[PDB]
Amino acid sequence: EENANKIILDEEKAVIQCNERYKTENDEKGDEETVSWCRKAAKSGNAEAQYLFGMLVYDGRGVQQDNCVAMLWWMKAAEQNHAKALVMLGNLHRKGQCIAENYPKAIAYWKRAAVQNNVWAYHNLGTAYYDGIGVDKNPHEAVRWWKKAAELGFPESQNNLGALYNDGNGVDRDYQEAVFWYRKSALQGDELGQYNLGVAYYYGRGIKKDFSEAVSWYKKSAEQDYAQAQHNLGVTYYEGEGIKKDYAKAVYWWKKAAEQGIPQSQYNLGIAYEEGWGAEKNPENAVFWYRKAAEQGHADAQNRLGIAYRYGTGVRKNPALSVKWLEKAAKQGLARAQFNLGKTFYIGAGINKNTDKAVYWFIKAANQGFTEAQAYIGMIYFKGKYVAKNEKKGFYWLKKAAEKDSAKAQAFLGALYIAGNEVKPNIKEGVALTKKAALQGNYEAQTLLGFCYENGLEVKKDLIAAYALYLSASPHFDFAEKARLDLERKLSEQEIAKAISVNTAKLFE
């Protein structure tokens, strides 16, 4: 109190203690002593200790949290031109803490710290000019400030420059400039810089495409628990891009990415369960992750969830919920959901049949090139029952679907060519289309091919081959069963014995 050297020793001691105890990963008991020493050192006038003691009070570390007490000591340090304290005052005005919200004063504090070459001041001013925070938005001015912090190595400013030159939202897109700053961020261990550098290698933006290098940076970022890097690393394993294909490592990383809420990771993880790719087959686990992604707007997940309600796989069968999820994806423009919703209305299973909505959605999906939608809309146009009859449009869509090996379109085009009734006879191409559809398991085509062998249509008449084909399709097509019983009346026991034992493989060649 009165001894001058005692005063010198006490304050110099409190400053040494505050700086040393602040750096320690301390417990709740050691944090109270840290506050005790920094209080004495802040009271003595040491600017750095006033900044540290204000930080403790702001974070509630070892002392009751108080935004206004923190501002008091940051003000005393700022009065000594403490650069970090000045940044902290700007944040309080920017966030409206203790004092009222005041963006112009936040900018003024940050600019005062920028005179001292503080990288937080540089960064926050770059953010302010990019988002229009108390200043007119000027992305080029944002780059000026962000470059100042980036050249001093601040990774957050480097990632902002990398993203800006990557999107082109404010300045011209420059992939190579983006790679420059993203690499500098990655070389310092920043997960967001490492992820974006891997994206650069993966797509070849600003650098030569290299999957092996993308895996290298994806993995360093994924091991820091960055969700989007865990997803892309899972994709490189699934596709075998830059690394050996490993469905288990894909599911390993998709699980961590799905847990953090990445919708594509959840959808991919659901496929892994439904199919058994990299995980044990499980319908409930698949629907669990499909729902997680469908609730975020993932169209493919909404469609898979809508199908799971249609047949009750992994969940209770619910035609009402199936239409709700199929429609959300169909309205998003997913062609395969537009077809499934159209087929649901066209068949009328679990809900009322509605051919107007069926034709409406079949046309939407056919126009996007969905093969099975083109087969349905081709026969609707050709029949002309629920729509005006149009043979040109019918054959247009039927041939387009048959071009992509549509088993349904092939079987019907073959039936038309073989009958030669509603169209000109084209038996040779008709039997060929019939054989192609029969190989894909279509038993209507098998019955039609058996009809050709029974009556010598293009093929040489062979009742043995006809019975064998009718027998194969008998459990699935009612005409095949009736045609098999009729042939059984006309064939001898020896012929029945050969026909039953016939391998029908040669009949489809």
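The first residue of the sequence shown is number 1, and the count goes up from there.
Judged by mean Cα B factor in the deposited record, 28-36 ranks above the other of 28-36 and 63-71.
When the mean C-alpha temperature factors of 394-402 and 198-206 are read from the deposited coordinates, 394-402 comes out higher. Taking only the listed residues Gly193, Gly153, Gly314, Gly240, the entry reports the highest CA temperature factor at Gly314. The PDB entry assigns its highest CA temperature factor, among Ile107, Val215, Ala258, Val323, to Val323. Sort the chain's modelled residues by C-alpha temperature factor and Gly333 lands in the highest third, per the entry. Among the modelled residues of its chain, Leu439 has a C-alpha B-factor that falls in the highest third according to the deposited record. Sorting the modelled residues of the chain by their CA temperature factor places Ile16 in the lowest third. Per the deposited record, the Cα B-factor of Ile500 falls in the middle third when ranked against the other modelled residues of its chain. The deposited CA B-factor of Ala349 belongs to the highest third of values across its chain.
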